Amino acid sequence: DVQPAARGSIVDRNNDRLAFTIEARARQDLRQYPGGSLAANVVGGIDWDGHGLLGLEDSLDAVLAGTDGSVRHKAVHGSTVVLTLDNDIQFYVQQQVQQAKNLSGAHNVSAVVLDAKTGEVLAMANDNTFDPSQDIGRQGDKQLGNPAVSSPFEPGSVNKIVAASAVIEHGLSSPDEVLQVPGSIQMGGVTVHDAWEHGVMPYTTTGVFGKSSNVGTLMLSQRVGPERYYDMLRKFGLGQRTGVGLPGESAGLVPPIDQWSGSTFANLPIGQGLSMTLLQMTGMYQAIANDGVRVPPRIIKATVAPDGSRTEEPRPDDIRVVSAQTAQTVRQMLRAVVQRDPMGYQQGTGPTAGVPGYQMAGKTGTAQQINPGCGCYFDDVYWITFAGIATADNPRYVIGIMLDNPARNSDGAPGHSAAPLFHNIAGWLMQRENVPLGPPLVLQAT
C-alpha cells in the first residue's frame, strides 16, 4: 500500500496563496491557481501526474511534492514555498505591464520591482502571461516563460550608471563639473554621435547623464580607463547569473577585457556590445539604492515543513560596488533625469517619470536591436528601458522596465518612453504606504 505525499503550496510573502492542491476524485489531486495568470511567469504550471510542468512548480518539484510513504516508511508531505513576492504589488504591476504593452504597441513589456535594501523580488511581470489553470496546449499565443530572467537585451544608455558610478567612485569627476561635450568623437577607431546634433555643449557631469550624452559618457569613461571600467561592470554583477532561484535564468553576456577589440571600449560604456536581463539591470540600480552595496536578488523567502516549522532562505553575500558617499551622489545626480524645465535647458530625458513631492531618481534607456538579416544594428528598432529608485533620499523600491520596440509611450502618447510606466508604479507604491513628501539641478551651464 502507498500513502501519497500531499503537494505543498506556493504562497507570497504574506501567505496569500498562488498555488495549492485540493483532493478530489475521478483519488485525484487538483492543483488550484486562484489568481489565474497572477505571477504565472514565476509560479509555472502542473503536469497530468500532479508534478510540476514548468516554472517553480517544476524547479522546486522535489520540495513541493515530498515523498510517498508506504505500509513502514512515513509519507513526507510537500513543504510550502514562501516567495518574496507581494501579490498586491505583483497584481498592480502585472496589470500595468499589460496595458503599457497595449498602449505603447511594443512587442512585449516586462517590469521588476526589488526591495531597495534587501534585493528581494517584490514583483516580476511580463505581458501576455499564460493561465496555468488552463491546458498549456491551448496557449501557444501566450507567454509561458519568464523573460525578465531568461531573455537578455543590450542595455544601451541605461548602462550609463556604470560610467557614472566609476567616475565618481574613483574621484575623477563631480556632479557639478562643467564639461565641454562635442557632438561627436572618434574613439577606438569608430565614430560616436549624440542622439541629437550639437556643437560643443557645456553640460555638467550631471547633465551628461541627465540628457544621456553618448559623447560625454565616453569622454568621462576615458578618465576611468578600460580596466577600472571592466572591473566595475563585474562588480555590478553583469554577465553572471544572480542566483535568484528561478529556472531558465540567463547570465547575459559581457566580453572579457582580454578579448576586447579596439572599439569595445567605445561601445560598452554607452551600453552597446553587451547584454543583460531585466533582473540584472534592476539589480544594478539596487546597488546604488542600497548605499553602494549590491545584494543579489532572491525570490524564495522561506520554506515551511509539514509540521508548520519555517526556515528562512539564507541571505546572499553582499557585494560592495561603490562607497555609500558615491551611491548617494549618484542617486542625487539621477534626479536630473526626471527634472522638468519648460525652457528645455535643464530638463532630463525622462521628466514624465518624476512624481511631484518625491525625490524620484532614475535613468532612461535606448538601445538599437540587431537585424538578424545583416548581423548589424537596426536603424529604428529599439529596446526602451527605465530603471529608477523611489526615493533618492530614502531608497525603498527599485523599479526596472523594458519595452521591446514601442511605437508610442507606455501611456499611449507620442514618443517611445518607458518613463510614464515608472511614474505610475513608483507613485502608486508611495501612496499605498503613505510615504511623506532642494533647488533645481544644473544639467547645462553657460
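All residue numbers refer to positions in the sequence shown, first residue = 1.
Coordinates are absent for 10 or more residues of the deposited sequence placed between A26 and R27. Per the record, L437 and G438 are separated by a gap of 4 to 9 residues from the deposited sequence that were not modelled.
On average the C-alpha atoms of 48-56 have higher B-factors than those of the other stretch, with 396-404 and 48-56 being the two compared. On average the C-alpha atoms of 302-310 have higher B-factors than those of the other stretch, with 92-100 and 302-310 being the two compared. The PDB entry gives the largest Cα B-factor of the residues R331, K363, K235, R315 to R315. In the deposited coordinates, the residue among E169, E197, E249, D176 with the greatest CA B-factor is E197. Ranked against the other modelled residues of its chain, the C-alpha B-factor of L30 as given in the entry falls in the highest third. Ranked by Cα temperature factor within the chain, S417 sits in the middle third according to the deposited record. The entry lists a Cα temperature factor for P147 that places it in the lowest third of the chain's modelled residues. In this PDB entry, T118 carries a Cα temperature factor that places it within the middle third of its chain's modelled residues. For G36, the recorded CA temperature factor ranks within the middle third of the chain's modelled residues.
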